[PDB]
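Participant: Sharing a structure here in structure tokens format.
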Amino acid sequence: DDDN
Amino acid sequence: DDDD
Amino acid sequence: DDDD
Amino acid sequence: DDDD
Amino acid sequence: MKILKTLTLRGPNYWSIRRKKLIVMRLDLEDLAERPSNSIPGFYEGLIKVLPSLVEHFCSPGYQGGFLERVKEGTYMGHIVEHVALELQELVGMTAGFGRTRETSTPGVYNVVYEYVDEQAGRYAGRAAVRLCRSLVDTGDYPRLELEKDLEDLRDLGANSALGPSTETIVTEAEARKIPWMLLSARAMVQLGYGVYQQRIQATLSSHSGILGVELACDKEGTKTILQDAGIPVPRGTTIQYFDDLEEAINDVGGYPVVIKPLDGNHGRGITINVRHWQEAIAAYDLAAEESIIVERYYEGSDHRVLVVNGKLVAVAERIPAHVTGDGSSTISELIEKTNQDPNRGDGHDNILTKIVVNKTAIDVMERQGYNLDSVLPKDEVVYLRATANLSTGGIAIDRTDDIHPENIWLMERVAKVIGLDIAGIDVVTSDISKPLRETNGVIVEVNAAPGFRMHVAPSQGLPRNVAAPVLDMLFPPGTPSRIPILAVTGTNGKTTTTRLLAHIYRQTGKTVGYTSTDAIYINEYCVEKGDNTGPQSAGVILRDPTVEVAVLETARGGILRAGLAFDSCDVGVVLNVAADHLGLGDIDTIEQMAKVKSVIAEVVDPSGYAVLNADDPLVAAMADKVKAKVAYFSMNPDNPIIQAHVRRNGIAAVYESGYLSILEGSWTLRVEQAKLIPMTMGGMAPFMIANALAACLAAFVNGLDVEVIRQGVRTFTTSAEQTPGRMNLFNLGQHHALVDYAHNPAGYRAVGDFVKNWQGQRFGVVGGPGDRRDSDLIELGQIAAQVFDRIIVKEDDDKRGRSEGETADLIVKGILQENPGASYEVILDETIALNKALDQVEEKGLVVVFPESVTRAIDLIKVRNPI
Amino acid sequence: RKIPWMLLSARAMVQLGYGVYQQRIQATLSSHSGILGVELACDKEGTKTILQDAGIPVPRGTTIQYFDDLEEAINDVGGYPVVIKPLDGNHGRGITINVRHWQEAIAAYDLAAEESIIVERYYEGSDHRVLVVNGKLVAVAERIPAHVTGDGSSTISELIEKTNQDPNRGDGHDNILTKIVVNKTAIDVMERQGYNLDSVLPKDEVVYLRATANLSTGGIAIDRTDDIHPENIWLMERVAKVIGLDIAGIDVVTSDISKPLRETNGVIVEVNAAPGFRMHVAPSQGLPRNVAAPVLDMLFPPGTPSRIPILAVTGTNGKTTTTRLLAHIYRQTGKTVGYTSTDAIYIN
Amino acid sequence: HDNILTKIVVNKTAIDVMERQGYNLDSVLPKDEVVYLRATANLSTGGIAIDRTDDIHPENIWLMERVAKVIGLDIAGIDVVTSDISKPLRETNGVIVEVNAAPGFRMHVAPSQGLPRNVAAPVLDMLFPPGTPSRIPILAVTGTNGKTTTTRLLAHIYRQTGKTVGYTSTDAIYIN
Ligand SMILES: Nc1ncnc2c1ncn2[C@@H]1O[C@H](COP(=O)(O)OP(=O)(O)OP(=O)(O)O)[C@@H](O)[C@H]1O
Ligand SMILES: Nc1ncnc2c1ncn2[C@@H]1O[C@H](COP(=O)(O)OP(=O)(O)OP(=O)(O)O)[C@@H](O)[C@H]1O
Ligand SMILES: Nc1ncnc2c1ncn2[C@@H]1O[C@H](COP(=O)(O)OP(=O)(O)OP(=O)(O)O)[C@@H](O)[C@H]1O
Ligand SMILES: Nc1ncnc2c1ncn2[C@@H]1O[C@H](COP(=O)(O)OP(=O)(O)OP(=O)(O)O)[C@@H](O)[C@H]1O
Ligand SMILES: Nc1ncnc2c1ncn2[C@@H]1O[C@H](COP(=O)(O)OP(=O)(O)OP(=O)(O)O)[C@@H](O)[C@H]1O
Ligand SMILES: [Mg+2]
Ligand SMILES: [Mg+2]
Ligand SMILES: [Mg+2]
Ligand SMILES: [Mg+2]
């Protein structure tokens, strides 16, 4: 996943 | 087994 | 069962 | 005597 | 109507701080967006006849029927899909009424937000509302069969996820006491508390229940042996291994009034309680013989249950089996129908008592008493319909907690301690609980590990008891914490740097410190996981970890917008800055909206805690009026009017003054250290590093650390290459320097540019600009480089080539020549070993600033030149 | 340590200490071992789920409920070098550790099928046992299965007779090591290696006679307690705390215990509640460890008593009167006082 | 105390101090020559005080703390003569001249050079250590009728916990  |  |  |  | 995207939020979020459980649906109104109900004949009458309860819905009008005052004057399906999803959940017993609709993107796409109770039931209701609403704008009705089946699916979805009643009881009290809780991924366990203070429960077992105690309690022969060797009264009895020795056993036991049980334990099966004759013993035997304690003396009295929690008595209740009485000269079948109509009787747990059921077992129990269904009872005669008591079979439970004799209290507590169980149910047979068991000739029959609670929290007679409170008091004793400190850091730029420094400072106190960043998850300098670990799923790894004493978490807007915050509340909330990054994503187009996302951290700080705000930032300082917590401020200018007004009211602020980083506490000034002596700050020449240091120092201070600890922490902190790659990596190559950094939004280009301006060396060269995935801010970058560098060479033709070829470089050249067309404006395009290798074009003590697409390559190539 | 002890009348338990300071043990379980922890440790799927959600390295694998889906499972796992186990836990039975071919998977499957974790990636390395007692590491030992080596150009049956005469080998617990027994299972293990009893081994070639290590079957145990890397120590202690067990045995597969598990690509295979001690107190190589001392230190922490005061009264005349008065005096301090006399046994 | 510093007063004692230095009131001084008008320092006589708290060497810190402990005083002023407070006293040949019980604070809370220090905070921290109370529970009872009866019952209930309970009524003042 990507959290930004 | 639970709740004896 | 013991001594696993 | 105080404040030495 | 099409659904494009669905998000489930679990925790404080953008839409609401208190409404933690929300579903956000991105709904595409391909049709209907052009037809505001009046344009859809029949779409008023069909909706009200299908869902007649939709009068209880209010909208802008504060009226019953406020929803229905509209509908005919449409809302373009906003409100209608929203209200239908909420009502479909209400119709099956799940209560949720918060909701909102907002238009986004291009016309016709809406964000529909509604409250849920159960996660799957919530999403189901959303999809069902869309189908119902789309049928009624096609035709004038919705077939009842397609409504009833959906209501049936919602009832099952919300049933499958339910906690059992013993866990609901503990959890409800835990919430009243502000103890956080989580479900775990295995064996139906629930976690209570964070970090080193966590406890686990499962139903009526807990982290304090020992295995030796629980196993002994399940061994009936073992239990009896241990208790009689302690001087505790138990039934007299023996053993027969399925030989016809029944007639011999009664010689040791005391004659015929005996109890015959299956030798093993397989529910209440094959048991005769009061054997009166030899042939009865044989029939009991033949049933006992079905399984793998067979002749016990029978004792007279009532069946009492005693609950002991921590070696201390909590509750006592008397249990009686289902029965009817001679309430006039009526028959048994008439008496059963008369009392089975009592309003307190029904199925499941929706009542106190349940229904009496006549079956072959009721007939067998009545035959032994000399009665059958058509028999008329003598006045006040009682007939039992069951052999044993149980609320689930129609019996009753009477609270007798205040009638138990002091000696009996002492004995019950001693029994639990002898068998080694914390939470225990003790089964006692006695004619009078108010007299000592030795005088009434009573006995202790069974000790049960992990007992249930319905009979004590919902008795049929007497007053209900709060059973959970004594359990939580042993798990979380008075005066002790259930939480560890949480320091949450957010803002557009500077989070990772601030997070590593703050964790470093706490670590100097010798505690275990866990933290999450965009690079990895760490505990005391060991890496647990690598990759972008911001967001609620990573925060959970630290909070569930049994060794962590302090949690420091960088928080990003991706995590907030996609799933909410993982922790509900915190002690320190730090907001560093708001800037125009990530606009257009996540339905946030403006800076005013971006500020509402960042303010989520400030608004979840516990009232006893602090919010740390940047007084030099007009969007951030303004958050002070939403915060319920105390407010502390930091700034790079001691004369900032906010700071002055604040310290005059005895607040706390951190400012940069006279070369020092200092804390203003009321009228007193505390100097921590000099900017030039703190290694993360490049000799005091990087104002953005100073601001990040002030925020870390102030957060540590307001949360109770001493100044000396803070000084030690700032002095020993480093941000060298390969620890913080791409973040101010300055390389020394003889009389020459090169700097590798990785800006994104314009604020990072200005922050680096100020470092460069202070470089009292020779030429200032830059070897780059933006990639192809930026919006129209290429000119702004060119304008920034134009006034900071005297050697500007463009390489914006990277390998990714997100758009065409060299157009990005062409736009940068346009921008840089707009402000200062006298800096050798070469465009070379290549950025592998072409422009980032051409360092020999810069004289001694000049500085080369590199903005690579890939940091890994930039810091590899610079090493080929053998740096110091 | 002068701690009094007694046997109890039920379930083979032993009591340590008197009155309010008593503790109970049973084999390797104690009064400090929680039930939730012990049950989780016996649930292999549950254990794996809890540990991977904590960032702890475990084997990659899947589930097949006795359907011939073996060929599909290898697609998620990583190809043919896999481990096939009985789905349930019924001793070391029906297990193939290194499956190399499709038909082998089927034979393994047919044995796995006997019971009620079926395709796991196979990892290379030695089998190490780590003992943790109170959230703190106590001992580490490397286990190797019964084997013979190419100690000159001799046959396997000759090599077995040569080493099975070693004076440190014998029955029960009267020795350190035990005897090597050739049976149909030794033959099956040797066939997979390309050898049989009359085969001559190349110098220093090793042939295993058993699939798994165990001192009771003729294997060996080497103490490696002082060779374990600080990061690996940290991880092992964290594993015991995550699964909630005080005394735990952790089974680790790795090629080198002196390097971090993430660098050697090692895994944690099993967490065992209530482990035995022979391999740590009587190793075949290395120095013996006092395993009990860390256990008694958690049960009876330094500085605390294991006994309650005892006042014994005797003599021809006056005992009962003196006994009741003395008990009465102590009782004025608010303590629980128990006493025995010729009339009765009383507590408070 | 309406200022930081006070006035310089010329008197017979200023004259005596200047005579020993070879100067008098009409003398012209060489550039940067310093003439003292008093034998000893004191803010109340027109001298100055400079904060040097952050310039003291770790060994000197250790020695000063040991001196207070040897003489048995909690709050103490120690008079030290040295040419350089940043070097160990054994290297600069410095001495400890006097230990003063119960010292004053003006020179530390209102210095003429350097930053002011919050001297009181370390005193209150020893008297009322962190985490401890400075107050006892107070239960105040009022109203037109029933006060005395309510007061005696409430005091009786608290007393069952074994604490010392004091109370006042219209009849008397009682303790336990
Ligand atoms: N010796 C006895 N004298 C009188 N009543 C007894 C005697 N032994 C058991 N009972 C009662 O008869 C019932 C039998 O339950 P038992 O003690 O066998 O436990 P169990 O096997 O868990 O069954 P259940 O679930 O029905 O309680 C209980 O209501 C108990 O109170
Ligand atoms: N306070 C600041 N204001 C403006 N720019 C800053 C500030 N601090 C750092 N920067 C610049 O922005 C860059 C962002 O680095 P950092 O990793 O600290 O950002 P972040 O906001 O934590 O991360 P991300 O954008 O990856 O979520 C820094 O390398 C620097 O160039
Ligand atoms: N994925 C794997 N890769 C390599 N070796 C493995 C793997 N899984 C298990 N083993 C090893 O194979 C053996 C199988 O034991 P397993 O883990 O199945 O435990 P068990 O059922 O208690 O059996 P046993 O009593 O033989 O240990 C052990 O020696 C273990 O170290
Ligand atoms: N110190 C004494 N010396 C001689 N006679 C005593 C003394 N104390 C008691 N007696 C007498 O002896 C009797 C024995 O009473 P007591 O129950 O105290 O004796 P005991 O020795 O404790 O008991 P027992 O003989 O039953 O074991 C007393 O009732 C009294 O008459
Ligand atoms: N709650 C009440 N409401 C009304 N009258 C009360 C109440 N309690 C007591 N009284 C009456 O008023 C009288 C006042 O007695 P008490 O000493 O308790 O009064 P007080 O208000 O405490 O005293 P004082 O008026 O002397 O300051 C009692 O004797 C009784 O007759
Ligand atoms: Mg960002
Ligand atoms: Mg970051
Ligand atoms: Mg006697
Ligand atoms: Mg009064």
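Going through the structure tokens in order, the chains are called A, B, and so on, while each chain numbers its residues from 1 and the ligands are numbered from 1 in the order shown.
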Return as a VMD selection string the residues belonging to chain E that are within 12 Å of chain G, counting only C-alpha atoms.
Facilitator: chain E and resid 662 665 to 673 704 708
Participant: If we count only C-alpha atoms, what is near stretch 151-163 of chain F at a cut-off of 8 Å, once residues fewer than 2 positions away on the same chain are taken out, given as number ranges by chain?
Facilitator: F: 148-149, 165-166, 180, 196-204
Participant: Would you pick out the contacts of stretch 17-26 of chain G at 7 Å or less, using only C-alpha atoms, so that residues sharing its chain but fewer than 3 positions from it are not included, and give the list as a PyMOL selection string?
Facilitator: chain G and resi 13-14+36-39
Participant: How about saving the chosen residues, N, CA and C atoms kept, as an mmCIF file, in the first residue's frame?
Facilitator:
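The resulting file, selection_19.cif, is reproduced below:
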```
data_model
loop_
_atom_site.group_PDB
_atom_site.id
_atom_site.type_symbol
_atom_site.label_atom_id
_atom_site.label_comp_id
_atom_site.auth_asym_id
_atom_site.auth_seq_id
_atom_site.Cartn_x
_atom_site.Cartn_y
_atom_site.Cartn_z
ATOM 1 N N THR G 13 35.615 56.170 52.485
ATOM 2 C CA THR G 13 36.042 54.821 52.221
ATOM 3 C C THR G 13 36.403 54.649 50.755
ATOM 4 N N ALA G 14 35.858 55.499 49.873
ATOM 5 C CA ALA G 14 36.200 55.435 48.467
ATOM 6 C C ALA G 14 37.551 56.052 48.316
ATOM 7 N N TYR G 36 39.000 50.860 41.437
ATOM 8 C CA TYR G 36 37.940 50.371 42.286
ATOM 9 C C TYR G 36 37.616 51.382 43.350
ATOM 10 N N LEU G 37 36.337 51.531 43.640
ATOM 11 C CA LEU G 37 35.896 52.473 44.653
ATOM 12 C C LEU G 37 35.498 51.805 45.969
ATOM 13 N N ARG G 38 35.522 50.472 45.979
ATOM 14 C CA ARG G 38 35.151 49.638 47.120
ATOM 15 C C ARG G 38 36.040 48.417 47.221
ATOM 16 N N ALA G 39 36.285 47.977 48.451
ATOM 17 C CA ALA G 39 37.085 46.784 48.708
ATOM 18 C C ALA G 39 36.418 45.459 48.324
#
```
Participant: List all protein, DNA and RNA residues that have any atom at most 8 Å from ligand 4, counting only C-alpha atoms and all ligand atoms, and write the list as a count of residues only.
Facilitator: 10
Participant: Let me have all residues with an atom within 9 Å of ligand 3, counting only C-alpha atoms and all ligand atoms, laid out as a PDB file with C-alpha atoms, in the first residue's frame.
Facilitator:
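The resulting part-v1.pdb:
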```pdb
ATOM      1  CA  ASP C   4       7.443 -30.035  23.607  1.00  0.00           C
TER       2      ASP C   4
ATOM      3  CA  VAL F  58       7.512 -16.801   9.368  1.00  0.00           C
ATOM      4  CA  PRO F  59       7.303 -19.357   6.470  1.00  0.00           C
ATOM      5  CA  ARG F  60       5.192 -18.618   3.388  1.00  0.00           C
ATOM      6  CA  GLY F  61       2.375 -21.164   2.798  1.00  0.00           C
ATOM      7  CA  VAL F  82       8.024 -27.259  -0.497  1.00  0.00           C
ATOM      8  CA  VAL F  83       6.959 -28.818   2.776  1.00  0.00           C
ATOM      9  CA  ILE F  84       3.835 -31.006   3.057  1.00  0.00           C
ATOM     10  CA  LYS F  85       2.333 -31.730   6.455  1.00  0.00           C
ATOM     11  CA  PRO F  86      -0.791 -33.504   7.792  1.00  0.00           C
ATOM     12  CA  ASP F  88      -3.680 -31.550  11.919  1.00  0.00           C
ATOM     13  CA  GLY F  89      -1.128 -32.037  14.680  1.00  0.00           C
ATOM     14  CA  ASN F  90      -0.623 -35.695  15.578  1.00  0.00           C
ATOM     15  CA  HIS F  91       3.066 -36.105  16.366  1.00  0.00           C
ATOM     16  CA  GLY F  92       5.715 -36.057  13.633  1.00  0.00           C
ATOM     17  CA  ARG F  93       3.659 -38.110  11.222  1.00  0.00           C
ATOM     18  CA  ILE F  95       5.485 -35.169   6.868  1.00  0.00           C
ATOM     19  CA  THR F  96       7.729 -34.611   3.880  1.00  0.00           C
ATOM     20  CA  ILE F  97      10.246 -31.830   4.374  1.00  0.00           C
ATOM     21  CA  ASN F  98      11.742 -31.368   0.961  1.00  0.00           C
ATOM     22  CA  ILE F 117      -0.176 -25.891   6.821  1.00  0.00           C
ATOM     23  CA  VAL F 119       2.416 -26.479   1.175  1.00  0.00           C
ATOM     24  CA  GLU F 120       5.029 -24.224   2.726  1.00  0.00           C
ATOM     25  CA  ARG F 121       8.094 -22.866   1.147  1.00  0.00           C
ATOM     26  CA  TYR F 122      11.143 -24.885   2.179  1.00  0.00           C
ATOM     27  CA  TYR F 123      13.913 -22.859   3.825  1.00  0.00           C
ATOM     28  CA  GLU F 124      17.493 -24.023   4.200  1.00  0.00           C
ATOM     29  CA  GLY F 125      19.427 -24.023   7.445  1.00  0.00           C
ATOM     30  CA  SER F 126      19.915 -25.786  10.755  1.00  0.00           C
ATOM     31  CA  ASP F 127      17.275 -26.394  13.384  1.00  0.00           C
ATOM     32  CA  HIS F 128      17.922 -24.186  16.442  1.00  0.00           C
ATOM     33  CA  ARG F 143      19.952 -29.804  16.890  1.00  0.00           C
ATOM     34  CA  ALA F 211      14.168 -36.882   9.055  1.00  0.00           C
ATOM     35  CA  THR F 212      14.197 -34.723  12.213  1.00  0.00           C
ATOM     36  CA  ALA F 213      16.480 -34.046  15.154  1.00  0.00           C
ATOM     37  CA  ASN F 214      15.917 -35.516  18.564  1.00  0.00           C
ATOM     38  CA  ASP F 251      12.127 -23.232  16.837  1.00  0.00           C
ATOM     39  CA  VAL F 252      14.258 -21.271  14.384  1.00  0.00           C
ATOM     40  CA  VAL F 253      15.588 -22.314  10.986  1.00  0.00           C
ATOM     41  CA  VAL F 267      12.430 -18.079   9.693  1.00  0.00           C
ATOM     42  CA  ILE F 268      10.630 -18.788  12.922  1.00  0.00           C
ATOM     43  CA  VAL F 269       8.831 -22.052  12.514  1.00  0.00           C
ATOM     44  CA  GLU F 270       7.189 -22.869  15.821  1.00  0.00           C
ATOM     45  CA  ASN F 272       6.203 -24.254  21.982  1.00  0.00           C
TER      46      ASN F 272
END
```
Participant: Could I get the residue neighbourhood of ligand 2 at 6 Å, counting only C-alpha atoms and all ligand atoms, as a tab-separated table (two decimals) with N, CA and C atoms, in the first residue's frame?
Facilitator:
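Generated file (pocket.tsv):
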```tsv
chain	number	residue	atom	x	y	z
A	4	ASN	N	0.55	8.72	1.40
A	4	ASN	CA	1.42	9.86	1.38
A	4	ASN	C	0.43	10.91	0.99
E	492	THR	N	2.48	19.78	6.02
E	492	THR	CA	2.91	19.48	4.66
E	492	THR	C	4.38	19.12	4.53
E	493	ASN	N	5.28	19.89	5.16
E	493	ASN	CA	6.72	19.60	5.06
E	493	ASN	C	7.39	19.50	6.42
E	494	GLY	N	8.38	18.61	6.55
E	494	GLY	CA	9.19	18.49	7.76
E	494	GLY	C	8.84	17.38	8.75
E	495	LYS	N	7.77	16.64	8.50
E	495	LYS	CA	7.35	15.57	9.39
E	495	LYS	C	8.38	14.51	9.71
E	496	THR	N	9.03	13.91	8.71
E	496	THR	CA	9.98	12.84	8.98
E	496	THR	C	11.16	13.31	9.80
E	497	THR	N	11.68	14.49	9.50
E	497	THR	CA	12.82	15.02	10.23
E	497	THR	C	12.47	15.29	11.69
E	688	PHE	N	14.88	26.21	8.03
E	688	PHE	CA	13.84	25.21	8.05
E	688	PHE	C	14.23	24.06	8.96
E	692	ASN	N	12.23	23.02	12.53
E	692	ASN	CA	11.86	21.65	12.85
E	692	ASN	C	12.40	21.29	14.25
E	727	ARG	N	17.93	13.88	2.06
E	727	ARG	CA	17.48	14.98	2.89
E	727	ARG	C	18.68	15.78	3.40
E	741	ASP	N	19.43	16.72	-2.40
E	741	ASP	CA	18.18	16.89	-1.68
E	741	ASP	C	17.03	16.42	-2.54
E	742	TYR	N	15.80	16.52	-2.05
E	742	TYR	CA	14.70	15.96	-2.79
E	742	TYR	C	13.38	16.69	-2.55
E	743	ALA	N	13.30	17.94	-2.97
E	743	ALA	CA	12.15	18.83	-2.79
E	743	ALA	C	10.97	18.31	-3.61
E	747	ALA	N	7.77	24.78	-1.46
E	747	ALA	CA	8.36	25.21	-0.21
E	747	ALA	C	9.71	24.56	0.01
E	748	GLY	N	9.91	23.36	-0.53
E	748	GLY	CA	11.17	22.68	-0.32
E	748	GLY	C	12.25	23.24	-1.22
E	751	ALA	N	13.21	26.43	0.79
E	751	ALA	CA	13.98	26.09	1.97
E	751	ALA	C	15.43	25.75	1.61
E	752	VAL	N	15.63	25.00	0.53
E	752	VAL	CA	16.98	24.69	0.12
E	752	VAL	C	17.66	25.94	-0.40
```
Participant: Could you list, as a list in words, all protein and nucleic acid residues with an atom at most 10 Å from ligand 7, counting only C-alpha atoms and all ligand atoms?
Facilitator: residues 3 and 4 of chain A; 489, 490, 491, 492, 493, 494, 495, 496, 497, 498, 499, 500, 516, 517, 518, 519, 532, 533, 534, 554, 555 and 556 of chain E
Participant: Skipping near chain neighbours, those fewer than 2 positions away, what residues fall within 12 Å of residue E:726 using only C-alpha atoms, listed as a short mmCIF file (atom, residue, chain, number, x, y, z; two decimals) with N, CA, C and O atoms, in the first residue's frame?
Facilitator:
```
data_model
loop_
_atom_site.label_atom_id
_atom_site.label_comp_id
_atom_site.auth_asym_id
_atom_site.auth_seq_id
_atom_site.Cartn_x
_atom_site.Cartn_y
_atom_site.Cartn_z
N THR E 497 11.68 14.49 9.50
CA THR E 497 12.82 15.02 10.23
C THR E 497 12.47 15.29 11.69
O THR E 497 13.26 14.96 12.59
N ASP E 519 10.01 5.91 5.88
CA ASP E 519 11.08 5.02 5.47
C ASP E 519 10.91 3.61 6.03
O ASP E 519 11.23 2.63 5.35
N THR E 719 21.80 13.40 10.87
CA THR E 719 21.06 13.18 9.63
C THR E 719 22.06 13.00 8.49
O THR E 719 22.16 13.87 7.62
N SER E 720 22.92 12.00 8.65
CA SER E 720 24.01 11.82 7.66
C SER E 720 23.50 11.05 6.45
O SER E 720 22.30 10.68 6.42
N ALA E 721 24.39 10.80 5.50
CA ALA E 721 23.99 10.00 4.34
C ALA E 721 23.66 8.58 4.80
O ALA E 721 24.27 8.16 5.81
N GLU E 722 22.70 7.92 4.14
CA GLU E 722 22.33 6.53 4.37
C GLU E 722 21.53 6.33 5.67
O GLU E 722 21.14 5.21 5.99
N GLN E 723 21.23 7.42 6.38
CA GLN E 723 20.33 7.38 7.52
C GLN E 723 19.12 8.17 7.08
O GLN E 723 17.98 7.73 7.23
N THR E 724 19.39 9.31 6.45
CA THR E 724 18.38 10.18 5.91
C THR E 724 18.78 10.55 4.48
O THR E 724 19.15 11.71 4.23
N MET E 728 19.05 16.85 2.68
CA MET E 728 20.24 17.63 2.98
C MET E 728 21.54 16.83 3.12
O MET E 728 22.21 16.92 4.16
N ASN E 729 21.93 16.05 2.11
CA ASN E 729 23.17 15.30 2.25
C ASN E 729 24.29 16.14 1.65
O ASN E 729 24.36 16.30 0.43
N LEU E 730 25.13 16.72 2.49
CA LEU E 730 26.18 17.59 1.98
C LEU E 730 27.49 16.81 1.93
O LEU E 730 27.97 16.29 2.94
N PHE E 731 28.07 16.74 0.74
CA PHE E 731 29.29 15.99 0.49
C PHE E 731 30.48 16.91 0.29
O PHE E 731 30.43 17.86 -0.49
N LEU E 739 25.49 19.09 -2.76
CA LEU E 739 24.35 18.84 -1.91
C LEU E 739 23.26 18.08 -2.61
O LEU E 739 22.74 18.51 -3.64
N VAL E 740 22.86 16.95 -2.03
CA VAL E 740 21.78 16.18 -2.62
C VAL E 740 20.53 16.32 -1.76
O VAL E 740 20.56 16.06 -0.56
N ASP E 741 19.43 16.72 -2.40
CA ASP E 741 18.18 16.89 -1.68
C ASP E 741 17.03 16.42 -2.54
O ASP E 741 17.26 15.87 -3.62
N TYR E 742 15.80 16.52 -2.05
CA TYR E 742 14.70 15.96 -2.79
C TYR E 742 13.38 16.69 -2.55
O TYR E 742 12.39 16.08 -2.12
N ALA E 743 13.30 17.94 -2.97
CA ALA E 743 12.15 18.83 -2.79
C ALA E 743 10.97 18.31 -3.61
O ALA E 743 11.14 17.28 -4.30
N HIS E 744 9.75 18.80 -3.38
CA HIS E 744 8.58 18.34 -4.12
C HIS E 744 7.75 19.54 -4.43
O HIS E 744 7.75 20.05 -5.55
N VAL E 849 24.18 21.97 -6.32
CA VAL E 849 22.92 21.50 -5.76
C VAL E 849 22.20 20.57 -6.73
O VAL E 849 21.84 20.95 -7.85
N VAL E 850 21.96 19.36 -6.26
CA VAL E 850 21.40 18.31 -7.07
C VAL E 850 19.98 17.95 -6.64
O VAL E 850 19.71 17.64 -5.47
N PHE E 851 19.10 17.94 -7.62
CA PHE E 851 17.70 17.57 -7.46
C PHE E 851 17.42 16.43 -8.46
O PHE E 851 16.99 16.70 -9.59
N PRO E 852 17.82 15.19 -8.13
CA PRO E 852 17.80 14.02 -8.98
C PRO E 852 16.40 13.48 -9.04
O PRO E 852 15.65 13.70 -8.10
N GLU E 853 16.06 12.70 -10.06
CA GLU E 853 14.81 11.95 -9.94
C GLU E 853 15.02 10.84 -8.92
O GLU E 853 14.14 10.51 -8.12
N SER E 854 16.22 10.26 -8.93
CA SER E 854 16.56 9.17 -8.04
C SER E 854 17.76 9.48 -7.17
O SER E 854 18.89 9.65 -7.65
N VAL E 855 17.49 9.55 -5.88
CA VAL E 855 18.49 9.87 -4.88
C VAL E 855 19.56 8.82 -4.86
O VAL E 855 20.74 9.13 -4.76
N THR E 856 19.14 7.56 -4.98
CA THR E 856 20.05 6.44 -4.96
C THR E 856 21.14 6.63 -5.99
O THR E 856 22.29 6.27 -5.73
N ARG E 857 20.80 7.12 -7.18
CA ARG E 857 21.85 7.31 -8.16
C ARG E 857 22.70 8.52 -7.80
O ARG E 857 23.93 8.46 -7.83
N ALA E 858 22.07 9.61 -7.36
CA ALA E 858 22.85 10.82 -7.07
C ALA E 858 23.90 10.60 -6.01
O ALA E 858 25.04 11.08 -6.14
N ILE E 859 23.58 9.80 -5.00
CA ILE E 859 24.53 9.60 -3.92
C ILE E 859 25.49 8.46 -4.23
O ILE E 859 26.37 8.16 -3.42
N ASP E 860 25.32 7.79 -5.36
CA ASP E 860 26.22 6.74 -5.78
C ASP E 860 27.29 7.40 -6.64
O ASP E 860 28.48 7.20 -6.47
#
```
Participant: For atom CA of residue E:346 and atom CA of residue E:455, determine how far apart the two atoms are, in Å to one decimal place.
Facilitator: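 Separation between atom CA of residue E:346 and atom CA of residue E:455: 15.7 Å.
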Participant: So that I can check the secondary structure, give me every residue of stretch 720-758 of chain E assigned alpha helix (DSSP H) by backbone DSSP, as a PyMOL selection string.
Facilitator: chain E and resi 747-757
Participant: So which residues touch stretch 73-82 of chain G within 6 Å, counting only C-alpha atoms, skipping near sequence neighbours fewer than 4 positions away, as number ranges by chain?
Facilitator: G: 68, 94-103
Participant: Just the strand (DSSP E) stuff from stretch 165-268 of chain F, please, per backbone DSSP, written as a ChimeraX atom specification.
Facilitator: /F:206-208,220-223,248-254,267-268
Participant: Report the distance between atom CA of residue E:540 and atom CA of residue E:474 in Å, rounded to one decimal place.
Facilitator: 25.4 Å
Participant: Taking 3 positions as the minimum chain separation for residues in the same chain, which residues sit within 10 Å of residue B:3 when counting only C-alpha atoms? Answer as a ChimeraX atom specification.
Facilitator: /E:165-166,203-205,425,448-454
